[PDB]
$ cat entry.cif   # mmCIF, C-alpha atoms
data_query
#
loop_
_atom_site.group_PDB
_atom_site.id
_atom_site.type_symbol
_atom_site.label_atom_id
_atom_site.label_comp_id
_atom_site.auth_asym_id
_atom_site.auth_seq_id
_atom_site.Cartn_x
_atom_site.Cartn_y
_atom_site.Cartn_z
ATOM 1 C CA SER A 1 5.994 29.875 90.981
ATOM 2 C CA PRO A 2 7.010 33.258 92.539
ATOM 3 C CA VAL A 3 5.967 34.697 95.898
ATOM 4 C CA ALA A 4 5.815 38.048 97.666
ATOM 5 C CA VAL A 5 5.636 39.126 101.312
ATOM 6 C CA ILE A 6 4.320 42.222 103.056
ATOM 7 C CA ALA A 7 5.783 42.543 106.558
ATOM 8 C CA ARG A 8 4.480 45.325 108.803
ATOM 9 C CA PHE A 9 6.281 46.513 111.923
ATOM 10 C CA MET A 10 4.777 48.624 114.711
ATOM 11 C CA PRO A 11 7.713 49.741 116.873
ATOM 12 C CA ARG A 12 7.544 50.887 120.473
ATOM 13 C CA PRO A 13 8.215 54.655 120.340
ATOM 14 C CA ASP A 14 11.533 54.304 122.193
ATOM 15 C CA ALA A 15 12.519 51.389 119.886
ATOM 16 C CA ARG A 16 11.882 53.070 116.501
ATOM 17 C CA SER A 17 15.557 53.887 115.910
ATOM 18 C CA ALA A 18 16.611 50.360 116.868
ATOM 19 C CA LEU A 19 13.956 48.883 114.591
ATOM 20 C CA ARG A 20 15.071 51.034 111.651
ATOM 21 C CA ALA A 21 18.676 49.882 112.237
ATOM 22 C CA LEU A 22 17.646 46.209 112.422
ATOM 23 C CA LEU A 23 15.708 46.406 109.170
ATOM 24 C CA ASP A 24 18.389 48.518 107.454
ATOM 25 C CA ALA A 25 20.920 45.710 108.034
ATOM 26 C CA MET A 26 18.668 43.181 106.256
ATOM 27 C CA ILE A 27 18.541 45.018 102.944
ATOM 28 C CA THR A 28 22.006 44.288 101.457
ATOM 29 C CA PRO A 29 22.283 40.563 102.242
ATOM 30 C CA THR A 30 18.661 39.896 101.361
ATOM 31 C CA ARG A 31 18.891 41.613 97.978
ATOM 32 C CA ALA A 32 22.021 39.504 97.390
ATOM 33 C CA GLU A 33 20.102 36.196 97.783
ATOM 34 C CA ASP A 34 19.919 34.170 94.542
ATOM 35 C CA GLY A 35 16.151 33.825 94.952
ATOM 36 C CA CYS A 36 15.283 37.383 96.028
ATOM 37 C CA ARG A 37 13.701 39.417 93.243
ATOM 38 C CA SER A 38 13.238 42.592 95.364
ATOM 39 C CA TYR A 39 13.206 43.829 98.988
ATOM 40 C CA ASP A 40 12.014 47.356 99.677
ATOM 41 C CA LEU A 41 11.495 49.326 102.901
ATOM 42 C CA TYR A 42 8.788 51.955 103.561
ATOM 43 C CA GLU A 43 7.217 54.069 106.306
ATOM 44 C CA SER A 44 3.416 54.438 106.519
ATOM 45 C CA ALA A 45 2.044 57.951 105.973
ATOM 46 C CA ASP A 46 0.802 58.059 109.585
ATOM 47 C CA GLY A 47 4.332 57.101 110.708
ATOM 48 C CA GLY A 48 3.106 54.231 112.878
ATOM 49 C CA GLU A 49 4.554 51.383 110.873
ATOM 50 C CA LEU A 50 7.558 50.400 108.850
ATOM 51 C CA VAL A 51 6.664 48.101 105.953
ATOM 52 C CA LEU A 52 8.819 45.699 103.923
ATOM 53 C CA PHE A 53 7.678 44.504 100.545
ATOM 54 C CA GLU A 54 9.631 41.443 99.410
ATOM 55 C CA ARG A 55 9.537 39.297 96.263
ATOM 56 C CA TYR A 56 11.075 35.825 95.739
ATOM 57 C CA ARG A 57 11.404 33.459 92.743
ATOM 58 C CA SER A 58 9.797 30.483 94.513
ATOM 59 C CA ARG A 59 8.515 29.238 97.848
ATOM 60 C CA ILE A 60 11.928 27.492 98.192
ATOM 61 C CA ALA A 61 13.659 30.883 97.866
ATOM 62 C CA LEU A 62 11.460 32.315 100.626
ATOM 63 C CA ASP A 63 12.247 29.315 102.884
ATOM 64 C CA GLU A 64 15.955 29.893 102.248
ATOM 65 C CA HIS A 65 15.684 33.570 103.212
ATOM 66 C CA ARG A 66 13.984 32.552 106.465
ATOM 67 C CA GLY A 67 16.927 30.270 107.330
ATOM 68 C CA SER A 68 19.688 32.726 106.360
ATOM 69 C CA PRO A 69 22.284 34.064 108.841
ATOM 70 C CA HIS A 70 20.988 37.624 108.438
ATOM 71 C CA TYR A 71 17.344 36.634 108.891
ATOM 72 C CA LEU A 72 18.042 34.529 111.961
ATOM 73 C CA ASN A 73 19.824 37.443 113.617
ATOM 74 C CA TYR A 74 16.934 39.777 112.812
ATOM 75 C CA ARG A 75 14.331 37.290 114.026
ATOM 76 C CA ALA A 76 16.211 36.857 117.326
ATOM 77 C CA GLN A 77 15.902 40.588 118.048
ATOM 78 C CA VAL A 78 12.857 42.061 116.340
ATOM 79 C CA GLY A 79 10.126 40.989 118.793
ATOM 80 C CA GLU A 80 11.603 43.001 121.637
ATOM 81 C CA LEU A 81 11.251 46.248 119.663
ATOM 82 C CA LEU A 82 7.584 46.010 118.748
ATOM 83 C CA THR A 83 4.188 46.805 120.265
ATOM 84 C CA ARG A 84 2.754 43.705 118.566
ATOM 85 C CA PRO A 85 4.215 40.865 116.465
ATOM 86 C CA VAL A 86 5.266 41.435 112.851
ATOM 87 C CA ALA A 87 2.188 41.366 110.633
ATOM 88 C CA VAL A 88 3.243 39.124 107.779
ATOM 89 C CA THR A 89 1.213 38.412 104.668
ATOM 90 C CA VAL A 90 2.551 35.994 102.075
ATOM 91 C CA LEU A 91 1.224 36.686 98.583
ATOM 92 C CA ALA A 92 0.741 34.778 95.373
ATOM 93 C CA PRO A 93 0.825 36.895 92.198
ATOM 94 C CA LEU A 94 -2.302 37.071 90.065
ATOM 95 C CA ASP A 95 -1.192 39.830 87.711
ATOM 96 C CA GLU A 96 2.312 41.145 88.310
ATOM 97 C CA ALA A 97 3.845 42.878 85.272
ATOM 98 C CA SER A 98 7.301 42.185 86.750
ATOM 99 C CA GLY B 1 7.333 65.954 99.514
ATOM 100 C CA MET B 2 4.706 66.057 96.760
ATOM 101 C CA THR B 3 7.213 65.251 94.010
ATOM 102 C CA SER B 4 8.567 62.222 95.902
ATOM 103 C CA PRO B 5 7.647 58.669 94.868
ATOM 104 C CA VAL B 6 5.023 56.853 96.894
ATOM 105 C CA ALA B 7 3.551 53.382 97.143
ATOM 106 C CA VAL B 8 0.110 52.115 98.169
ATOM 107 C CA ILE B 9 -1.023 48.792 99.565
ATOM 108 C CA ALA B 10 -4.738 48.117 99.165
ATOM 109 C CA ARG B 11 -6.243 45.016 100.775
ATOM 110 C CA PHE B 12 -9.653 43.649 99.758
ATOM 111 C CA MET B 13 -11.661 41.097 101.697
ATOM 112 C CA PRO B 14 -14.457 39.916 99.385
ATOM 113 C CA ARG B 15 -17.492 37.984 100.400
ATOM 114 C CA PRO B 16 -16.998 34.429 99.090
ATOM 115 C CA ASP B 17 -19.850 34.884 96.590
ATOM 116 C CA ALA B 18 -18.331 38.152 95.376
ATOM 117 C CA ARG B 19 -14.750 37.000 94.829
ATOM 118 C CA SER B 20 -14.936 36.549 91.027
ATOM 119 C CA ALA B 21 -16.772 39.883 90.767
ATOM 120 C CA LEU B 22 -14.052 41.632 92.780
ATOM 121 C CA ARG B 23 -11.342 40.057 90.639
ATOM 122 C CA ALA B 24 -13.068 41.401 87.492
ATOM 123 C CA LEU B 25 -13.407 44.878 89.022
ATOM 124 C CA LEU B 26 -9.739 44.995 89.965
ATOM 125 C CA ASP B 27 -8.663 43.449 86.631
ATOM 126 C CA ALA B 28 -10.269 46.350 84.762
ATOM 127 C CA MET B 29 -8.066 48.809 86.679
ATOM 128 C CA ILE B 30 -4.797 47.235 85.598
ATOM 129 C CA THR B 31 -4.370 48.365 81.981
ATOM 130 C CA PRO B 32 -5.494 52.028 82.426
ATOM 131 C CA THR B 33 -3.565 52.388 85.701
ATOM 132 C CA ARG B 34 -0.315 50.935 84.331
ATOM 133 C CA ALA B 35 -0.812 53.303 81.352
ATOM 134 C CA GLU B 36 -0.736 56.363 83.644
ATOM 135 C CA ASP B 37 2.397 58.452 83.006
ATOM 136 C CA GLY B 38 2.972 58.547 86.746
ATOM 137 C CA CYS B 39 2.389 54.887 87.567
ATOM 138 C CA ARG B 40 5.628 52.952 88.116
ATOM 139 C CA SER B 41 3.863 49.663 88.924
ATOM 140 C CA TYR B 42 0.433 48.239 89.757
ATOM 141 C CA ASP B 43 0.381 44.539 90.640
ATOM 142 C CA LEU B 44 -2.376 42.230 91.890
ATOM 143 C CA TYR B 45 -1.883 39.362 94.347
ATOM 144 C CA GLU B 46 -3.929 37.035 96.501
ATOM 145 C CA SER B 47 -2.990 36.356 100.122
ATOM 146 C CA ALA B 48 -1.502 32.907 100.751
ATOM 147 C CA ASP B 49 -4.570 31.997 102.822
ATOM 148 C CA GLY B 50 -6.901 33.114 100.003
ATOM 149 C CA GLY B 51 -8.916 35.522 102.159
ATOM 150 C CA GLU B 52 -7.634 38.760 100.604
ATOM 151 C CA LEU B 53 -6.788 40.241 97.265
ATOM 152 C CA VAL B 54 -3.946 42.760 97.505
ATOM 153 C CA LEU B 55 -2.794 45.534 95.178
ATOM 154 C CA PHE B 56 0.701 46.877 95.453
ATOM 155 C CA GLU B 57 0.978 50.207 93.634
ATOM 156 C CA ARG B 58 3.938 52.503 93.020
ATOM 157 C CA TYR B 59 3.680 56.087 91.738
ATOM 158 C CA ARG B 60 6.404 58.433 90.578
ATOM 159 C CA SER B 61 5.077 61.187 92.894
ATOM 160 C CA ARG B 62 2.269 61.915 95.340
ATOM 161 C CA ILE B 63 0.869 64.180 92.595
ATOM 162 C CA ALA B 64 0.648 61.075 90.367
ATOM 163 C CA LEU B 65 -1.319 59.235 93.076
ATOM 164 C CA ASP B 66 -3.693 62.191 93.252
ATOM 165 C CA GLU B 67 -4.118 62.018 89.462
ATOM 166 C CA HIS B 68 -4.869 58.285 89.779
ATOM 167 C CA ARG B 69 -7.523 58.925 92.413
ATOM 168 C CA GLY B 70 -9.273 61.397 90.073
ATOM 169 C CA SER B 71 -9.242 59.117 87.024
ATOM 170 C CA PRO B 72 -12.348 57.704 85.291
ATOM 171 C CA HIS B 73 -11.240 54.148 85.990
ATOM 172 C CA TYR B 74 -10.639 54.848 89.693
ATOM 173 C CA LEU B 75 -13.965 56.611 90.133
ATOM 174 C CA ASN B 76 -15.843 53.743 88.453
ATOM 175 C CA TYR B 77 -14.081 51.284 90.749
ATOM 176 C CA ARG B 78 -14.716 53.365 93.906
ATOM 177 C CA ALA B 79 -18.448 53.444 93.183
ATOM 178 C CA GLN B 80 -18.706 49.647 93.133
ATOM 179 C CA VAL B 81 -16.034 48.061 95.294
ATOM 180 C CA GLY B 82 -17.525 48.351 98.796
ATOM 181 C CA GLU B 83 -20.621 46.378 97.889
ATOM 182 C CA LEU B 84 -18.475 43.269 97.220
ATOM 183 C CA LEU B 85 -16.579 43.258 100.518
ATOM 184 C CA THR B 86 -16.967 42.137 104.118
ATOM 185 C CA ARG B 87 -15.303 45.369 105.227
ATOM 186 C CA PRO B 88 -13.988 48.533 103.545
ATOM 187 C CA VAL B 89 -10.793 48.404 101.466
ATOM 188 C CA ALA B 90 -7.785 48.667 103.759
ATOM 189 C CA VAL B 91 -5.478 51.256 102.207
ATOM 190 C CA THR B 92 -1.999 52.238 103.339
ATOM 191 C CA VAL B 93 0.012 54.984 101.704
ATOM 192 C CA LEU B 94 3.766 54.391 101.917
ATOM 193 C CA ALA B 95 6.865 56.589 101.758
ATOM 194 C CA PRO B 96 9.993 54.788 100.489
ATOM 195 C CA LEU B 97 12.897 54.543 102.908
ATOM 196 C CA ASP B 98 14.929 52.157 100.734
ATOM 197 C CA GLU B 99 13.252 51.149 97.490
ATOM 198 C CA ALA B 100 15.538 49.774 94.749
ATOM 199 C CA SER B 101 15.121 50.741 91.100
#

$ encode --input "entry.cif" --output "structure tokens"
Amino acid sequence: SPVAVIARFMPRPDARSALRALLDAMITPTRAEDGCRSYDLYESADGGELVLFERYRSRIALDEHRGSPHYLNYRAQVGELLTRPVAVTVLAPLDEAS
Amino acid sequence: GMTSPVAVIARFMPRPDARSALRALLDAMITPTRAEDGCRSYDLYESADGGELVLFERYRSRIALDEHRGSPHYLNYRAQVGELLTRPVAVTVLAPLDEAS
């Protein structure tokens, strides 16, 4: 049933701070979603991308996240900060210990 | 720094005929890698579109990742993986900014 997402963000150099702020504001409300198992934020070693790794209980839970007030606000603003669109990969677990 | 936790995303794009072989190769990594003192997690997924297999790995330190990369299981895997794929493994090393316990 459960699902995960990798989302990769390549900010414009002048928009890195704004991107970090936008993603920072997602963490609390997203982790508070009934169907969110985890939601973690990283920077690539080469510093070129911020990466979110997200895990949800079901496809329904992921749909709900994508309709949430916090998500909608983020989605309204994120595109304008990036060199290219968010690279999103939805995942289905094959062997996830938890 | 070197004592700080790290994560790794590794993406694999098998040839269609090699998919079950790749799954078996990656499966064999799971028990010994999770057993590493320094491995926090090591989880296998497939992409929603079925084209990729993806490992998400978390290590207690960069040192632990280096230990992983020197291990007998890793070296066996490294010797064989490329031959199953349409392109080399796509590997990203990650530094946590906000990773919950």

$ closest_residue --input "entry.cif" --among "A:94, A:32, A:40, A:46" --to "residue 68 in chain A" --atoms "all atoms listed in the file"
A:32

$ closest_atom_pairs --input "entry.cif" --of "chain B" --to "chain A" --cutoff "8 Å" --atoms "all atoms listed in the file" --output "CSV"
residue,atom,partner,partner_atom,distance
B:41,CA,A:97,CA,7.7
B:42,CA,A:96,CA,7.5
B:43,CA,A:96,CA,4.5
B:44,CA,A:95,CA,5.0
B:45,CA,A:93,CA,4.2
B:46,CA,A:92,CA,5.3
B:47,CA,A:91,CA,4.5
B:48,CA,A:91,CA,5.1
B:92,CA,A:44,CA,6.7
B:93,CA,A:45,CA,5.6
B:94,CA,A:44,CA,4.6
B:95,CA,A:43,CA,5.2
B:96,CA,A:42,CA,4.3
B:97,CA,A:42,CA,4.9
B:98,CA,A:41,CA,5.0
B:99,CA,A:40,CA,4.5
B:100,CA,A:40,CA,6.5

$ atom_distance --input "entry.cif" --atom1 "CA of residue 37 in chain B" --atom2 "CA of residue 8 in chain B"
16.6 Å

$ closest_residue --input "entry.cif" --among "A:15, A:60, A:21, A:7" --to "residue 83 in chain A" --atoms "all atoms listed in the file"
A:15

$ resolve_selection --input "entry.cif" --expression "the PyMOL selection byres ((chain B and resi 86) around 6)" --output "PyMOL selection string"
chain B and resi 13-15+85+87

$ atom_distance --input "entry.cif" --atom1 "CA of residue 60 in chain B" --atom2 "CA of residue 22 in chain A"
27.4 Å

$ atom_distance --input "entry.cif" --atom1 "CA of residue 19 in chain B" --atom2 "CA of residue 77 in chain B"
14.9 Å

$ resolve_selection --input "entry.cif" --expression "the PyMOL selection byres ((chain B and resi 22) around 12)" --output "VMD selection string"
chain B and resid 11 to 21 23 to 29 44 46 52 to 54 77 to 78 80 to 86 89

$ resolve_selection --input "entry.cif" --expression "the PyMOL selection byres ((chain A and resi 85) around 12)" --output "ChimeraX atom specification"
/A:7-12,49,75,77-84,86-88

$ build_atoms --input "entry.cif" --residues "range 20-38 of chain A" --atoms "N, CA, C and O atoms" --output "CSV table (one decimal), in the frame of the given file"
chain,number,residue,atom,x,y,z
A,20,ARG,N,14.6,50.6,112.9
A,20,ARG,CA,15.1,51.0,111.7
A,20,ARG,C,16.4,50.4,111.4
A,20,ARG,O,16.7,50.0,110.2
A,21,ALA,N,17.3,50.4,112.4
A,21,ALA,CA,18.7,49.9,112.2
A,21,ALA,C,18.7,48.4,111.9
A,21,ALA,O,19.4,47.9,111.0
A,22,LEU,N,17.8,47.7,112.6
A,22,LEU,CA,17.6,46.2,112.4
A,22,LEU,C,17.2,45.9,111.0
A,22,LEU,O,17.7,45.0,110.3
A,23,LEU,N,16.2,46.6,110.5
A,23,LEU,CA,15.7,46.4,109.2
A,23,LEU,C,16.7,46.9,108.1
A,23,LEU,O,16.9,46.2,107.1
A,24,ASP,N,17.4,48.0,108.4
A,24,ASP,CA,18.4,48.5,107.5
A,24,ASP,C,19.4,47.4,107.2
A,24,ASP,O,19.9,47.3,106.0
A,25,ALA,N,19.9,46.7,108.2
A,25,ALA,CA,20.9,45.7,108.0
A,25,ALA,C,20.5,44.5,107.2
A,25,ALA,O,21.3,43.7,106.8
A,26,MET,N,19.2,44.3,107.0
A,26,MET,CA,18.7,43.2,106.3
A,26,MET,C,18.7,43.4,104.8
A,26,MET,O,18.8,42.4,104.0
A,27,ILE,N,18.8,44.7,104.3
A,27,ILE,CA,18.5,45.0,102.9
A,27,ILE,C,19.6,44.4,102.0
A,27,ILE,O,19.3,43.7,101.1
A,28,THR,N,20.9,44.8,102.3
A,28,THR,CA,22.0,44.3,101.5
A,28,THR,C,22.1,42.8,101.3
A,28,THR,O,22.0,42.3,100.2
A,29,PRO,N,22.2,42.0,102.4
A,29,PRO,CA,22.3,40.6,102.2
A,29,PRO,C,21.0,39.9,101.6
A,29,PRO,O,21.2,39.0,100.9
A,30,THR,N,19.9,40.5,101.9
A,30,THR,CA,18.7,39.9,101.4
A,30,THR,C,18.6,40.1,99.9
A,30,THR,O,18.3,39.2,99.1
A,31,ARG,N,18.9,41.3,99.4
A,31,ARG,CA,18.9,41.6,98.0
A,31,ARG,C,19.9,40.8,97.2
A,31,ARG,O,19.8,40.5,96.0
A,32,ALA,N,20.9,40.3,97.9
A,32,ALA,CA,22.0,39.5,97.4
A,32,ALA,C,21.7,38.0,97.3
A,32,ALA,O,22.5,37.2,96.7
A,33,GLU,N,20.6,37.6,97.9
A,33,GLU,CA,20.1,36.2,97.8
A,33,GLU,C,19.7,35.8,96.3
A,33,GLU,O,19.0,36.6,95.7
A,34,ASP,N,20.2,34.7,95.9
A,34,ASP,CA,19.9,34.2,94.5
A,34,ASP,C,18.4,34.2,94.2
A,34,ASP,O,18.1,34.6,93.1
A,35,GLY,N,17.6,33.9,95.2
A,35,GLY,CA,16.2,33.8,95.0
A,35,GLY,C,15.3,35.1,95.3
A,35,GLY,O,14.1,35.0,95.2
A,36,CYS,N,16.0,36.1,95.7
A,36,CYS,CA,15.3,37.4,96.0
A,36,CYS,C,15.2,38.3,94.8
A,36,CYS,O,16.2,38.7,94.2
A,37,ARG,N,13.9,38.6,94.4
A,37,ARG,CA,13.7,39.4,93.2
A,37,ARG,C,13.7,40.9,93.6
A,37,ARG,O,14.2,41.7,92.9
A,38,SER,N,13.2,41.2,94.8
A,38,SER,CA,13.2,42.6,95.4
A,38,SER,C,12.9,42.6,96.9
A,38,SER,O,12.4,41.6,97.4
